[PDB]
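Structure first, then comments.
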Amino acid sequence: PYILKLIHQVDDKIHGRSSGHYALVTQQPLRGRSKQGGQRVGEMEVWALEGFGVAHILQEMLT
Amino acid sequence: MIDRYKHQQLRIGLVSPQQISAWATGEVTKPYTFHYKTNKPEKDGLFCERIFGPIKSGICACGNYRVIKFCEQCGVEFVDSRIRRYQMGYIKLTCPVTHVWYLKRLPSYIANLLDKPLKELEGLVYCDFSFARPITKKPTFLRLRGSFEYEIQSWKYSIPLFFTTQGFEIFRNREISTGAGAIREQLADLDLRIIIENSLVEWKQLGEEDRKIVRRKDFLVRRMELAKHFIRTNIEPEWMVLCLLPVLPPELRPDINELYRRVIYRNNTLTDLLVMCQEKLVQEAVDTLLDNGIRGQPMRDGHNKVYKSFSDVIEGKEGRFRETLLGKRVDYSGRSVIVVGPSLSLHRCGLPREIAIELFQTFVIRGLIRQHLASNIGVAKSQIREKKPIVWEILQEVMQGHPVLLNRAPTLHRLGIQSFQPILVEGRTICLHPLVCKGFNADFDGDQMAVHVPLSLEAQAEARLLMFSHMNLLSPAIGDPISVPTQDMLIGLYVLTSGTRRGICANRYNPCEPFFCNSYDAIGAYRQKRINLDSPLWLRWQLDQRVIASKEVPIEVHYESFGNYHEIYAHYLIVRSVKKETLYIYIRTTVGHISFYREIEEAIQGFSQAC
Amino acid sequence: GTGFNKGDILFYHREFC
RNA sequence: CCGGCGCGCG
Ligand SMILES: [Mg+2]
């Protein structure tokens, strides 16, 4: 058959962060791979952590 | 057991002008933000360094420095620039302005507490209406009642001419007044207990007698309920009209500054005069600053774009509560495309070298310094940046026993985030076990996952003892297993356990198989291509009858005259005797059923022996 | 979860001997 | 390091 190679590939999606720059107002880590930002733990992810009862994992990602 | 009591509370309350002053004490007087040339904070402006605190911690508006109280020339404190995030200011309004939330929102609290129709108060505050008899605790001598829309002809010329100017103005604001000042005077001299009693007696009178006969009752119940809450709290009903305007710290407003300018732009104009129109302009400036969009047409800027007020920035899906507080972006987190790893254990995942070295960077620094391979933190970080071959040994060492949290985007239930033991894999993709894909609702056609590292020992213990996949085999919804083989594994098992072809699918003609001592012999014969996966065979059984089969009597019993008889069932043969107690069992099966049974049995036995 | 329920005599007095 | 508009991925 005829198989194509698509733009969506690794080397453009792998991202990592230890620490770094934060927003000026919220003082939270930035948003975006290009800005070396962090991953967001939204409310639906907070619900899952509350479902497990992991109250200390949740406080780490909040403070 | 005595409960570990914890009594913590938070309360909101309407604030007082004295508390606003205590916040600011520090008044913003000029609308200047920065110098057009030097970009320095203008004195007495929205960003004044004396009012709010030192930019570039430990320096004054002049340029002096001290080691981290007040300067003499510019009077700037010697503290950290943290204070610019927390120190408030205030704007001394010449005239009191009502709070938009308590006048224009429906139902109006001010209107219900004063007991006048909302249109009347709106006309009094916005239009050129004057209210008669604003206060009661001071005597009057006139018979003007209500809010006369037209200006009183006598009160314009006659009385001021007869009563002159000074004393007239001294007693002016006691019979006729206008705007938010009249409302604040009415609120200040209210007797709440009299309000409660009058409301109760009017409610009883209405009851002792059918839409608005009820709606008036509900107003009376609402008003006495509203009146009661002021008595037991420390709130004052006149605080719903503002005498001072607190100012947000500059570092939280690096749009809002434009609205703060207009308040100063129109308040400083009003104090120059000291006229009715400018009083209204100050009030509208505060309304737009506090809450735009409630007054019908919301005030726009030069680009015909609606301004954004504090209410807009605290409410909505993108507001402070639902966007900044209920969800946060975190450090020590990564992301990459996920690929399938069928060789992984159920409690393991694969991490790329880059994501792992970023997430565990501080632990790699500690590992470097601990074994004397790095002199300090900077040298260790430089070594990490150079991708030295010893950085990866320390990373692989410190990743052992430290769990990570994986998470797919649409977290619909709690199994959308699970904990795994990371291992270093080549490439740039996250290696995921195939049996945990259903819990994540993940397939390998472009999906990505986020990784998180628990830092404290409590978080690591929580991740290891609560969130690992081997302790979460059941779904909380109904209790069904979540890590069940699917698709390819299910097809493999179905083919393995699909037995012999039988009947007309096995023989062309109407019929008018090897015997194995143990299952290992059958499997060995299968390996040597002696038999197929589904070819029938007889297996000697030396355990109890434990083969699932239809509860049926033997097809045929071969009874010998010596005593032995053979009972032939659909799936097994049983040899019994009357002289002896012997009992032999042979199971008719395939290599596939034997392989499935042996797989499960060996899994159980190996897990038992490993412990 | 894990946050529920708030988570010298006889010295200087020996026998002289 | 702030918001809008447009285009995409799962
Ligand atoms: Mg997919």
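Numbers restart at 1 for each chain; the letters A, B, ... are given by sequence-line order, proteins then strands. Values below: every heavy atom of this structure, side chains too, minus hydrogens, waters and symmetry copies.
Mapped onto RNA chain D by nearest heavy atom, A:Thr26 and A:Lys13 fall at different nucleotides, with A:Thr26 at the one closer to the 5' end.
The ring of B:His402 has its center closer than 6.0 angstrom to the ring center of B:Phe360.
Summarising the geometry, the separation between NE2 on A:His8 and P on D:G10 is reported as 6 Å, rounded to the nearest angstrom. Rounded to whole Å, the distance from CD1 on A:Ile14 to P on D:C9 is 23 Å. Whole-Å rounding puts the A:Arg33 CZ to D:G10 P distance at 18 Å. Rounded to an integer number of Å, the gap from A:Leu30 CG to D:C1 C1' is 6 Å. Rounding to whole angstrom units, CG of residue A:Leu6 and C1' of D:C9 are separated by 12 Å. With rounding to whole Å, A:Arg40 atom CZ is found 23 Å from D:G10 atom P. Atom CZ of B:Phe444 and atom P of D:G10 are 16 Å apart (whole Å). Atom NZ of B:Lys317 and atom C1' of D:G3 are 18 Å apart (whole Å).
Residue contacts for B:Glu318: at a heavy-atom cut-off of 4.0 Å it reaches the sugar-phosphate backbone alone, with no base atom in range. B:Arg408 comes within contact range of the sugar-phosphate backbone alone, with a heavy-atom separation under 4.0 Å but no base atom that close. Using a 4.0 Å heavy-atom cutoff across all strands shown, A:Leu24 reaches sugar-phosphate atoms only and no base atom.
When distances are taken from the side chain of A:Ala23 to each of D:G10, D:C2, D:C9, the shortest belongs to D:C2.
Under a cutoff of 6.0 Å and an axis angle of 45°, B:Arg253 and B:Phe47 form a cation-pi pair. Relative to the ring axis of B:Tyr32, B:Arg261 does not place its NZ or CZ within 45° and under 6.0 Å from the centre.
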Where do B:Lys317 and B:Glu323 land on the salt bridge (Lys or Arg N to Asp or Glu O under 4.0 Å) test, with the steps shown first? CA-CA 7 Å; B:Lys317 174 189 283 188; B:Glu323 199 74 35; over 6 Å; no

